[PDB]
């Protein structure tokens, strides 16, 4: 009967091993169309990366094994607003994706614990934006559109960055 509001421990740019996948070029356009009426500032498409692992271990390998390549798929479930440890707003697109969850699981199975207690598939669309009634109304209209017109996404091959 009550829903919890989300304070997210954003590991972006901190030391560790960051494994991610990008929406396919086709999916980048589909997402951009989705948010084409957004009244607040959004991250450029080039900045849309989907984390599949953020491992904070102090000793890390140079390379990692990845699952057999495939067209990874997700449904764009909804847009929502989280806050980070500093109180700043994050607008994220939540992803329903057994594929991304299984990738996360397979990567962790190599002795690379994920930096959050539970894996959450999402991509970040805005940060420190103008969060007013117009912003929240746009997000609600986007969420209705994601229900009335289901949006399915595909993602590229995995990439990894080590913040050393």
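Residue numbers count along the first chain shown, from 1.
Per-stretch averaging of Cα B factors for 145-153 and 5-13 places 5-13 on top.
Taking the mean C-alpha B-factor of each stretch as recorded, 101-109 and 123-131 are not equal, and the higher mean is that of 123-131. Within the listed group 63, 51, 42, 27, the record reports its top CA B-factor for 63. Listed residues 68, 33, 96, 47 were ranked by CA B-factor as deposited; 68 comes out on top. Among all modelled residues in this chain, the alpha-carbon of residue 78 has a temperature factor (C-alpha) in the lowest third.
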